[PDB]
Amino acid sequence: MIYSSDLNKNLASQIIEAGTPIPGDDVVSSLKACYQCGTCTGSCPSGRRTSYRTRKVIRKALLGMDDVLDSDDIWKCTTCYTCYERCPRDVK
Amino acid sequence: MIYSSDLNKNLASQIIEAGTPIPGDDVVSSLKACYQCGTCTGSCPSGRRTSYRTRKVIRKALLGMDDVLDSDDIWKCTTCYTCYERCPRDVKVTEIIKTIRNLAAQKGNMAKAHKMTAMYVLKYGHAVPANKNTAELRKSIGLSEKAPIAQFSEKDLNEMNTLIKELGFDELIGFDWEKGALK
Amino acid sequence: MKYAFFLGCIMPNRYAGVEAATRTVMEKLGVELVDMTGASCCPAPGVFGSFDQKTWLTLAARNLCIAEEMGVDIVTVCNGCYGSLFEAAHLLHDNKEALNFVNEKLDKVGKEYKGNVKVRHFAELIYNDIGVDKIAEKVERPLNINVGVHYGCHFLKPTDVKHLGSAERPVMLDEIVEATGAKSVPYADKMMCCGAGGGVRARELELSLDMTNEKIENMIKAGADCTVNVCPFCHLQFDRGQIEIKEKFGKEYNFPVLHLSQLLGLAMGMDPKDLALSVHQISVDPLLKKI
Amino acid sequence: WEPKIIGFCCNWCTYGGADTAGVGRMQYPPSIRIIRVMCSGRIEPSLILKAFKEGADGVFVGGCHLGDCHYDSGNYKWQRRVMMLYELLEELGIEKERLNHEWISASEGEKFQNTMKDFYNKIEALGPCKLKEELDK
Amino acid sequence: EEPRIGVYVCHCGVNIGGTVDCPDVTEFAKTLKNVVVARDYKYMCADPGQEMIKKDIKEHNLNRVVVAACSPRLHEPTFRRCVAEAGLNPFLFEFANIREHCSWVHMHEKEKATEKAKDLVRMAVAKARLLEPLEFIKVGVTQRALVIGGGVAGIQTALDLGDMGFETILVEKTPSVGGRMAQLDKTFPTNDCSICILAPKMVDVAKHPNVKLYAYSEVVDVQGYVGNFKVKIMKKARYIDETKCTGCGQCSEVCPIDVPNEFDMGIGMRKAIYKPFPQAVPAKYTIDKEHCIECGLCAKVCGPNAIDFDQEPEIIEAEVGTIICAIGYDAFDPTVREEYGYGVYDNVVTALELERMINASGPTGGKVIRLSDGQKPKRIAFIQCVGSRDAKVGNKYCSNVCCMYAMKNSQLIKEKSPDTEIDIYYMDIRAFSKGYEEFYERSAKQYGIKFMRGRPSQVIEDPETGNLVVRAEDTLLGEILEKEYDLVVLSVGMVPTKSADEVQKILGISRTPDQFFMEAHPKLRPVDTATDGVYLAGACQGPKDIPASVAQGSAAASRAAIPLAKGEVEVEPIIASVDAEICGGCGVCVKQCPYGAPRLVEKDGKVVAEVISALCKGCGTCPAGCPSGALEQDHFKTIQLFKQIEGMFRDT
Amino acid sequence: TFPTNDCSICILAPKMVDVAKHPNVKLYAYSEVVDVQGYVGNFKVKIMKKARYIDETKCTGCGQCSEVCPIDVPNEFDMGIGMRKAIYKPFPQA
Ligand SMILES: Cc1cc2nc3c(=O)[nH]c(=O)nc-3n(C[C@H](O)[C@H](O)[C@H](O)COP(=O)(O)OP(=O)(O)OC[C@H]3O[C@@H](n4cnc5c(N)ncnc54)[C@H](O)[C@@H]3O)c2cc1C
Ligand SMILES: C[C@@H](OP(=O)(O)O)[C@H](NC(=O)CCCCCCS)C(=O)O
Ligand code: SF4
Ligand code: SF4
Ligand code: SF4
Ligand code: SF4
Ligand code: SF4
Ligand code: SF4
Ligand code: SF4
Ligand code: SF4
Ligand code: SF4
Ligand code: SF4
Ligand code: SF4
Ligand SMILES: O=S(=O)(O)CCS
Ligand code: FES
Ligand SMILES: [Fe+3]
């Protein structure tokens, strides 16, 4: 059960402000263009051996789930850029 | 990681076969009409306090994941029919869950507390039989000490025993008639 | 009106006062309750239907045959038995393959279902055939208290076969309890399950209690003095579940629970002793003081 | 043995309802053979009695919903004719159930499918109509 | 001359051939009396298939042709034209339906389907033997069109027909033209002001020299056939002098009866005397007698004394050649989905009600506010597919525009108040046309609109605050959400308009499973109906957006302009006629015809019946009811039908 | 073709036949518009009737020729999945 009280509505905008001006407002604001296709998760080498699902991290950010910052999952990304290369919605 | 080798292509057919002719081929075949909207999960009272997600149970049946039969989740449904009432695709959800449980029971996934409730109907003819306190209560209330039920009628108790043996329900729950208990 | 009175299990073997309350309330309304001799478990639809559907329908049709041999229809005060026997009757009338399978099994015990039995719930029988006006006429002691009405699940659902109207916003029971002088208080998730159904009470007790606790909390927040039901199992879950909620969660409510027959009985001047309100795990005495 | 069922369907809403069942791949038993007329008002006792004479085990008639006839009121005349015909068939020893008339619109493909299933099952249960055999003596 | 029949069994690729053994049916057809040629081909309607029939008609001197294939409702005209090109009369052609009526419905019973196809071929061959050559009746076409419904679709048809030089009549039920497009604030995917772009077309159609606009009028009767329709239009009485009406609106202030404003979807309150919207065309006021108490208070304030209760509706008789039905749609009533609480909770509204709340000329002055306390909502939830893709409400179709209008209105709210939080609860986002997917991307990326994949189970109101809680599973997370909102917007689907039943009976047209009007063919004829001279345009044919409705309006103009431009059309001579030597004038036939075609007359010193050929539509009711057998419908004679019945059991 | 699952030929072939023999339609197959000059109501167009190397008025379209041709060209109509001859007909219902 997830209630409104457990969510931080400005998490997406907060992530964008932390990215302005480095790596850039346009770069991080691309998280809003995500249409949850799952191409990033399927491309993830870490996802194939852990509970880490790249798509769910973006979902958790857009929804406002606070735990994403406390999670161990965001630290399992090796920054291989494969999801960045294959995203059909240009999500950086 | 889920590979083709881990999936059973006939899972849906096998569930539909188990539902034929009771509750009906058309009733259980409705599982094929599910478009994974999640209305059933959102309506589920059990889902709000457990990891049980009604939609995922239907998804497993359609994908071919046999573990759904071994899951404790299918046994968390109270059969309230709320999902059945709200499904926009006419999926007879509650009936499909009961049908998936039948296959689970045949595999040996039946809780001990359930086999005992099933044994009470086989042994006494009722899930909740009368005890010494029932007799003394009914007496003080002004009712017949023993209700006109199968519990106190050997004719009706033997009728049910003949049906249970013919249906193979005694073998399903693993009941031994000589010992008068479950194996 | 003459009907074969199906008793079930919990009402005849646990909450006997509900039986006594029904016997007099239905007699006062002009209903002749005839004994359905040898009737066994319905059997429980959610519990047995989950183990083996063939067994649920075959045993259900065996009970229907008892009333068919008597040449009369069935009446029940339990949603579990209503749902089980009603869905069995519908299925045997609509599905010939199912009827053939069941009659082939009943032939071994010298029985055969012909499809002449109609299953009725005492609450809807009161609403559609007797009338809510007849309840008010027989009220000797008006019960002016707040009630959290509990419809249960197998009373109105599935609507496709029951045809008793809306299952989301019903008025049937609210109008029946309000005819006694009481007030049906609106509460959150009014139509949700008590948690006992589908064999959940027996296999996942704590899960069933979590749902009952939410219903009790919502009724208490709405200003309810008691809760009225139409199911011996819901009645058991609310009345005895509170002892388990106190032993497992540590939450105490002492919330009174009255079956519709018991509520109609109190209203029709029945003596609390004849009604058996004192036997309840949770004391009804606080409610008896309010009336 | 398989029942021999003959059908009479109007070209506007009913024939169109049978076509909808076909477009939607709505399967039903293959006993019926449909005859096309412009309106159900074209249907009269002589065609139904002629079908039974020829050996039909069941006769089906389909027209527009009452009030929706393409020709305004042809189905009202057929409705009066079929009610008389039901009782005449009983006087001739032909089960009333061997004749079936229904109102089906162009949008009712599912209804047509279920009507075909129900009528087939009804006639299969009754068995063959022995009129032709009695007349061939 | 004895019949020489040519039997053609189509395979339709594998549509027929895959279930029915066509070669075996072809061999069986050859065993029938009079059948001299029998062939099976993959596509009988294709060039090689049509040329094969024509070549055989000439080489084997055939006088009858039987095609066992699809439905005559689809290709009967196609094959009639094919046989006529080879010299064979088109009424000596007979269709046997073995696809829709056999191969497509008996897929798992191939042998029985093959035997059914043989019987259907024998039944066709049996009727074919007694078919007679009939002369297609040539009739003139009245150079005038009629458009029913003055929405964007109807306005487009009338403007196109008018611009072509054809006299056109546009009938509009309400006091103003414009339709639902006039009620919208903006229009996706361009977010253009709906009325600001529709108003010019409303102005154009109102002053077009070739278009006669009858607003606040209804078609009450239509009689005849293609090119010869006789229509009756009821010009409803506004009880206000049309010419003396200024359109200022000062007599409404005194009216004591408050009627819910239909234009504002029940949110607003109007008087018995009113104007639909500020940009209405024609700009005039009206009195609603369904709620008028006739107190005369409005007349005391009115200067012109335009108010006249003795006004009578005028019945206008007009002759037209073609008719275009463009009556639109109505929004679905979401009261039925009780779990959502519409009609129970104050803050649960429909999307069409939101359009009005958002519209500047609306009841709230263009301000989105809660109906419980009049406050602006800070959190809004859109619930998709309400009344669509739902078997429980009997609507198993996609309403086509709800995904797009929910995203559009969400952008309009964000533009007015960026702080607003908006969540859209969906199953599939359907942004299928030009600039639609981009509009969807923009809604999320530019406007920060959130999407939750999951159809809500229920909506729960907090009785203390009026706030609503949406219970739904976030299927993309496998978790249940229970988010709170200040306003819940139900993205209601489209349903046929309330008057659709009346119009259906008047035009004699059919409906599709979705309850909208049935087109002749989904791809061969999207705006034609099976009724010659009657066409469709807009939402009344099925749920769709503005460009689709506008394109359909133009498509209908072109199709309806064909008979008008030709000036002559051919009608089926399947009419009834009396054999004077057998008719003894019993008079049974006279009252059976709803058109009054059969009439009693004097001939050779005695009374006999006679059918006025032009008034006969060819139903076959009077010949079926004739007790002497004097009356017969050509092409459906009793002897022809008798042989068809015999054909099911034996060769006749 | 969806959603009726009719053959594409069911709807298209009769229309192809109709347009080829319509008295008011001049069909220029295997041709391309190479130039357009002017404005609304006054366009001057140039159509290049490509050479098929077969006399259309004398041709029967029997295809005895295709059975003798020895060179195999990938059929563009079949998306390279099919093999046609130098002397060809796009499809059987062409
Ligand atoms: C909430 C909502 C938002 C939408 N947003 C958009 C959008 O942003 N962009 C977009 O392209 N589309 C949108 N649509 C779809 C759009 O409304 C339709 O495409 C459009 O209205 C179709 O026009 P129409 O002429 O076919 O029917 P209508 O607009 O409904 O007009 C029909 C006309 O016929 C009249 N009429 C009815 N019955 C009779 C009768 N018996 N006799 C005479 N006249 C009659 C009516 O009074 C009406 O004027 C939206 C729809 C809804 C419900
Ligand atoms: C009632 C109670 O039994 P006891 O009162 O404990 O004997 C209960 N049994 C069951 O759940 C048996 C199934 C009863 C089904 C009733 C359908 S209304 C239980 O074990 O908790
Ligand atoms: S690939 Fe891109 S759009 Fe698709 S889920 Fe991943 S981040 Fe979102
Ligand atoms: S960049 Fe990170 S999240 Fe993306 S595929 Fe590589 S490891 Fe996975
Ligand atoms: S509500 Fe119906 S369609 Fe939706 S996920 Fe559940 S079973 Fe499937
Ligand atoms: S029937 Fe079962 S799955 Fe469906 S809502 Fe009730 S408890 Fe949940
Ligand atoms: S009725 Fe009279 S007051 Fe009203 S708008 Fe017309 S002219 Fe003005
Ligand atoms: S006469 Fe009719 S329109 Fe005029 S004020 Fe009275 S109620 Fe209103
Ligand atoms: S267009 Fe979108 S919201 Fe509308 S019915 Fe289709 S999927 Fe549902
Ligand atoms: S019903 Fe037949 S006999 Fe009688 S008047 Fe008409 S045509 Fe003549
Ligand atoms: S067949 Fe007879 S009843 Fe029918 S339209 Fe013609 S004349 Fe009228
Ligand atoms: S449309 Fe009719 S004639 Fe043409 S291929 Fe399909 S079935 Fe055959
Ligand atoms: S051989 Fe080839 S070129 Fe000659 S007529 Fe036949 S198809 Fe045409
Ligand atoms: O417990 S059961 O689901 O079988 C019936 C509840 S009334
Ligand atoms: S046209 Fe169908 S009944 Fe008259
Ligand atoms: Fe403007």
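Values below: every heavy atom of this structure, side chains too, minus hydrogens, waters and symmetry copies. In what follows, chains are A, B, ... by sequence order, proteins preceding strands, each numbered from 1.
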Taking it one step at a time, do E/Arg511 and E/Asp501 satisfy salt bridge (charged side-chain N to carboxylate O under 4.0 Å, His left out)? CA-CA 10 Å; E/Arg511 284 163 104 130; E/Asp501 274 33; 2.7 Å; yes

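- To the nearest 0.5 Å, atoms NZ (E/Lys173) and OH (E/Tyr216) are separated by 8.5 Å.
- Here the OH-SG distance, from E/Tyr535 to E/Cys325, works out to 14.0 Å after rounding to the nearest 0.5 Å.
- Under a 3.5 Å cut-off, the side chain of E/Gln143 and the backbone N or O of E/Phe166 do not form any donor-acceptor pair.
- The 12-atom threshold is exceeded at NZ of E/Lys289, counting heavy atoms of other residues, nucleotides or ligands nearer than 6.0 Å.
- A donor-acceptor pair is defined here as one N or O able to donate and one able to accept, closer than 3.5 Å; no such pair exists between the side chain of E/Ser628 and the backbone of E/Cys583.
- Counted within 6.0 Å of NZ on E/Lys236, heavy atoms from surrounding residues, nucleotides or ligands total more than 12; the atom is thus considered enclosed.
- Under the 30°/60° scheme for interplanar angles, the aromatic rings of D/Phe60 and D/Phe112 are found to stand perpendicular.
- Annotation: D/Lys77, atom NZ; neighbour count of heavy atoms from other residues, nucleotides and ligands within 6.0 Å is above 12.
- Here the side chains of D/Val61 and D/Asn100 are not in contact, with every heavy-atom distance at 4.5 Å or above.
- Of the possible donor and acceptor atoms, none in the side chain of E/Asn89 sits under 3.5 Å from a partner among the backbone N and O of E/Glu135.
- Side-chain atoms of D/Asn11 and E/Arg73, non-hydrogen and from C-beta on, do get closer than 4.5 Å to each other.
- E/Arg80 pairs in a salt bridge (charged side-chain N to carboxylate O under 4.0 Å, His left out) with only one of the listed residues (E/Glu572, E/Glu94, E/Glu85), which is E/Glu572.
- If you take CD1 on E/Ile169 and CD on E/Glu167, they are separated by 8.0 Å, rounding to the nearest 0.5 Å.
- A heavy-atom distance below 4.5 Å is found between the side chains of E/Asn63 and E/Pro3.
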CA sep, side-chain torsions, deciding dist, call: D/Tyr86, D/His101, ring pair (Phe, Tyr, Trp, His ring centres under 6.0 Å): CA-CA 10 Å; D/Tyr86 278 126; D/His101 89 281; 5.8 Å; yes

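- Between the side chain of D/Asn75 and the backbone N or O of D/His65 there is at least one donor-acceptor pair closer than 3.5 Å.
- Judged by distance alone, the side chain of E/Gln633 and the main-chain N or O of E/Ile574 form a donor-acceptor pair under 3.5 Å.
- To the nearest 0.5 Å, the span separating CG on D/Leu85 from CG on D/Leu99 amounts to 5.5 Å.
- Expressed to the nearest 0.5 Å, how far CG of E/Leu536 lies from CZ of E/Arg559 amounts to 12.0 Å.
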Checking side chain to side chain contact (heavy atoms under 4.5 Å, CB included) for the pair E/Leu507/E/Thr531: CA distance, chi angles, key distance, verdict? CA-CA 8 Å; E/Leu507 300 177; E/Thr531 305; over 6 Å; no

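- Summarising the local packing, CD of E/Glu568 is surrounded by more than 12 heavy atoms from other residues, nucleotides or ligands at distances under 6.0 Å.
- Judged purely by atom type and a 3.5 angstrom limit, E/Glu317 has no side-chain atom pairing as donor or acceptor with the backbone of E/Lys232.
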E/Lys230 and E/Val222: CA distance, side-chain angles, deciding distance, side chain to side chain contact (heavy atoms under 4.5 Å, CB included) verdict: CA-CA 6 Å; E/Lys230 279 186 168 115; E/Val222 171; over 6 Å; no

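- With a 4.5 Å cut-off on side-chain heavy atoms, E/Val7 and E/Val35 count as touching.
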After noting the C-alpha distance and the side-chain angles of E/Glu570 and E/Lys138, does the key distance pass the salt bridge (charged side-chain N to carboxylate O under 4.0 Å, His left out) rule? CA-CA 5 Å; E/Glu570 286 187 320; E/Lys138 286 176 165 76; 3.0 Å; yes

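- In E/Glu2, the CD atom is crowded: over 12 heavy atoms of neighbouring residues, nucleotides or ligands sit closer than 6.0 Å.
- Looking only at atom types and distance, the side chain of D/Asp19 has a donor-acceptor partner in the side chain of E/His101 under 3.5 Å away.
- Within the 4.5 Å cutoff, no side-chain heavy atoms of E/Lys643 are placed close to those of E/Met123.
- A centroid separation of less than 6.0 Å is found between the aromatic rings of E/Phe93 and E/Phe95.
- Residues D/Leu89 and D/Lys96 fail the side-chain proximity criterion, which asks for heavy atoms closer than 4.5 Å.
- Formation of a donor-acceptor pair under 3.5 Å by the D/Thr20 side chain with backbone atoms of D/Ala18 is not found in this model.
- E/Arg129 has its side chain within reach of E/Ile5: a pair of non-hydrogen atoms, C-beta onward, lies under 4.5 Å apart.
- Heavy-atom contacts from other residues, nucleotides or ligands closer than 6.0 Å to CE of E/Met164 number more than 12.
- In this structure, E/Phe136 has its ring center under 6.0 Å from that of E/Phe91.
- In this structure, E/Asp651 does not pair ionically with E/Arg122, as no charged nitrogen and carboxylate oxygen lie closer than 4.0 Å.
- Geometric assessment of E/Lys127 against the ring of E/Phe636 yields a positive cation-pi assignment under the 6.0 Å and 45° thresholds.
- Proximity of D/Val59 to D/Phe8: side-chain heavy atoms (C-beta onward) are separated by under 4.5 Å at one or more points.
- Not one N or O on the side chain of E/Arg144 forms a donor-acceptor pair closer than 3.5 Å with the backbone of E/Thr322.
- Looking at E/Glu172, its side chain does come within 3.5 Å of a backbone N or O of E/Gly150 through a donor-acceptor pair.
- Although no hydrogens or angles enter the test, the distance criterion places no donor-acceptor pair under 3.5 Å between the side chain of E/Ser510 and the main chain of D/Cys13.
- In terms of heavy atoms, E/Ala145 sits closest to E/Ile324 at CB-CD1, 4.4 Å.
- Applying the 6.0 Å contact sphere to NZ of E/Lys566 captures no more than 12 heavy atoms from other residues, nucleotides or ligands.
- D/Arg36 and D/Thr14 share no side-chain donor-acceptor pair at under 3.5 Å.
- E/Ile148 contributes atom CD1, which lies 8.5 Å from atom CD1 of E/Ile233 (distance to the nearest 0.5 angstrom).
- The 12-atom threshold is exceeded at NZ of D/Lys111, counting heavy atoms of other residues, nucleotides or ligands nearer than 6.0 Å.
- Residue E/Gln592 comes nearest to E/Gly625 through the heavy atom pair OE1-CA, 3.7 Å, listed as atom of the first residue, atom of the second, then distance.
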Would E/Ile645 and D/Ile6 count as a side chain to side chain contact (heavy atoms under 4.5 Å, CB included) here? Give the steps. CA-CA 8 Å; E/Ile645 294 158; D/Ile6 197 155; 4.0 Å; yes

Would D/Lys4 and D/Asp57 count as a salt bridge (charged side-chain N to carboxylate O under 4.0 Å, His left out) here? Give the steps. CA-CA 5 Å; D/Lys4 292 189 183 293; D/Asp57 295 305; over 6 Å; no

Mind running side chain to side chain contact (heavy atoms under 4.5 Å, CB included) on E/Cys589 and E/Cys626 for me, showing each step along the way? CA-CA 6 Å; E/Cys589 59; E/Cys626 174; 5.7 Å; no

Derivation and outcome, salt bridge (charged side-chain N to carboxylate O under 4.0 Å, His left out), residues D/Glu54 and E/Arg650: CA-CA 9 Å; D/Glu54 291 298 321; E/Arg650 54 179 171 96; 3.1 Å; yes

